[PDB]
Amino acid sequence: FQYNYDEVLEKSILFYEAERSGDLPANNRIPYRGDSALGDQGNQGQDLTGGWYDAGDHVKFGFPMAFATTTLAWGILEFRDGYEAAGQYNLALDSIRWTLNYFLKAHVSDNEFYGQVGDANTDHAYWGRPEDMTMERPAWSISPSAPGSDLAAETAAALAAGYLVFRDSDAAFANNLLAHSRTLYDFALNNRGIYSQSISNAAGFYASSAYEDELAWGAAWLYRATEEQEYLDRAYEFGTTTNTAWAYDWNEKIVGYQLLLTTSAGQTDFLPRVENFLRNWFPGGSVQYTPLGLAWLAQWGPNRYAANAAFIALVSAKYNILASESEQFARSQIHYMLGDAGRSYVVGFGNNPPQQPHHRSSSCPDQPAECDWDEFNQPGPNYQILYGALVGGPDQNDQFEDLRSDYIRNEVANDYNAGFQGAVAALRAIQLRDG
């Protein structure tokens, strides 16, 4: 079946706009959103306003925020023609300019980087508009005494990918991103550790299992950006040619750097593991499929895992790695999400989309009405439409209740849309083909 990818891209970008924290521009397209968290600051009063709220909450979780940005940037680089065909290319640049600017703010000095604003427990205890928050919002950083090679190298990857994206429109901005990428990557190498041990507030939410894959990923991005041999050396030092990724996601960069190195750097040693990942996902592999055709990796965000795999498959296809099966697989997954199994899983799009995403700001009625946990519990649709949000998804039998309190299936998050959006742009690009 066919879907309007131009509309999907427009809406996915609007989802990210609805996640913006800080001082919103005059041209803000999300009418229920206003200025919020203007007090966000470091421990010496450094400005930390901006960035994205992670999910349906108001925490700024730097690790997924950075990974979502690296992934979105990669899709812009590879599938620029799809974004352009859709009229969404400059809106996509404006989308990630938001988080790139936040990463610059968070990098307060060479070897201090702010990785979280908001205490997840006090943040999640509040249900209401971000514009109405009154609780203390602590900020935490990584440093030599409290390292985070994973967070620092992921942010370096986002900044290096950002340099590549932006050097074609705002070269001064792009080259500033590159300078910070180099510095953060050096910090990551010099001060080894797991960021969610150093910023332990993150450990119940975005716990990092290992940092070596982020070291390889940051090096691969900096090699693409600079072509300096020392970065390729670092990629080989930290990268695996013998292990196959379970997922491409905010925690596990393995197939990301393997594919990036094979395609952008021409390093075929990593190619067999890319093929293993793809074939694990394709029908007949290790990932179970629901009866209606979703490749269902796990209970949490199966749409996210499949959309991420579809993204990796479409980058692979672009570079003529298993292109036929990759395109077929990716299209099957994205089209599942768009409506092939009977409903859209994208809020505000297509047939019978979810109306109750687990999301605070869209759950609240129009100002000046009050908003509290009653709006969590109320049995009807969210008062605002969270256009473009890809929800967590159905269970393994394609069941979905569309209940706000079903926080697993009705979850929305920055990382959920990041592979998805690039995959949609890739499918839009494929439509440009002769014939």
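Numbers for residues come from their place in the sequence shown, where the first is 1.
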**Report entry** Which of 305-313 and 259-267 has higher mean CA B factor, as the PDB entry lists it
**Finding:** 259-267
Report task. Output the stretch having the higher mean C-alpha B factor in the entry; the candidates are 235-243 and 160-168. Result -> 235-243
Report summary line: Reading the B-factor column for Cα atoms of 326, 183, 276, 191, the highest value belongs to 191
Query raised in the report: Of the options 332, 176, 134, 71, which has the highest CA B factor as deposited?
Result: 134
Requested in this report: Compare the C-alpha B factor of residue 29 with those of the other modelled residues in its chain, then answer lowest, middle or highest third.
Outcome: highest
Report summary line: Sorting the chain's modelled residues by C-alpha B-factor and splitting them into thirds places residue 141 in the middle
**Report entry** For residue 345, the third of its chain into which the C-alpha B factor falls
**Finding:** lowest
Query raised in the report: Which third of the chain does residue 60 land in by C-alpha B-factor: lowest, middle or highest?
Result: lowest
Report task. Quick one: classify residue 129 as lowest, middle or highest third of the chain based on its Cα B-factor. Result -> highest
